[PDB]
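Single chain ahead, by itself, as structure tokens, in the form deposited without the partner chain.
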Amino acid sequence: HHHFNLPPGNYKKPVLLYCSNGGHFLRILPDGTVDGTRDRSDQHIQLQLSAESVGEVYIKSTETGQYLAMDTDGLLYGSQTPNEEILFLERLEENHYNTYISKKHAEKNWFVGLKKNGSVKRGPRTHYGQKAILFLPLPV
């Protein structure tokens, strides 16, 4: 269903997922809520990515140990259980950025995206070409 241009991949140590269009850090709040903040000093924006298989990764918060996940409705949420919804297809974009496609919802092109206001974009609304789907893993 999708191209296989992978990013150099950085799973060695925790990182911050910085989003282009709005300029936020993907944040997984303790209550399971997902959104974004320009607070680089927020202890909930630090995430540890690990490769499930080639091109496939997990996104876990090092602070609370929650997994980023997308539900059957296209809404992102924090998960404390490793279900089939925590899998994301990690892919290079515009040659320099990273994008994440819900593995379970890959055939529908549901990416991980943050709006300029810092709220998460529901899957169906995201799509190729939006700055909302661009991320860049910056050091912690």
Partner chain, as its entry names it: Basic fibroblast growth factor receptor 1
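Positions refer to the first chain, counted from 1.
Colleague: Averaged over C-alpha atoms, is the B-factor higher for 20 to 28 or for 7 to 15 in this PDB entry?
Modeller: The deposited B-factors put 7 to 15 ahead on the C-alpha mean.
Colleague: Averaged over C-alpha atoms, is the B-factor higher for 38 to 46 or for 83 to 91 in this PDB entry?
Modeller: Mean B over CA atoms: larger for 38 to 46.
Colleague: For the chain shown, is the CA B-factor of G113 in the lowest, middle or highest third of its modelled residues?
Modeller: It belongs to the lowest third of the chain when residues are ordered by C-alpha B-factor.
Colleague: Sorting the chain's CA B-factors, does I133 end up in the lowest, middle or highest third?
Modeller: For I133, whose C-alpha B-factor we compare with every modelled residue in the chain, the answer is the lowest third.
Colleague: Mind checking which third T33 falls in for C-alpha B-factor across the chain?
Modeller: Within its chain, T33 is a middle-third residue by C-alpha B-factor, going by the deposited values.
Colleague: Would you mind checking where the Cα B-factor of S102 ranks among the modelled residues of its chain, as the lowest, middle or highest third?
Modeller: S102: CA B-factor falls in the lowest third of its chain.
As for the form deposited with the partner chain bound, it is not shown, yet the points below apply to it.
Colleague: With a cut-off of 4.5 Å between heavy atoms, is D71 one of the residues that contacts the partner chain in the deposited bound form?
Modeller: Result no; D71 lies far from the partner chain in the deposited bound form.
Colleague: So in the deposited bound form, does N95 come within 4.5 Å of the partner chain, heavy atom to heavy atom?
Modeller: Flag for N95 set to yes.
Colleague: Residue-level contact is defined here as any heavy atom of the residue lying within 4.5 Å of the partner chain in the deposited bound form; does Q46 satisfy this criterion?
Modeller: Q46: no, not in contact with the partner chain in the deposited bound form.
Colleague: Heavy atom to heavy atom, is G55 within 4.5 Å of the partner chain in the deposited bound form?
Modeller: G55: contacts the partner chain in the deposited bound form.
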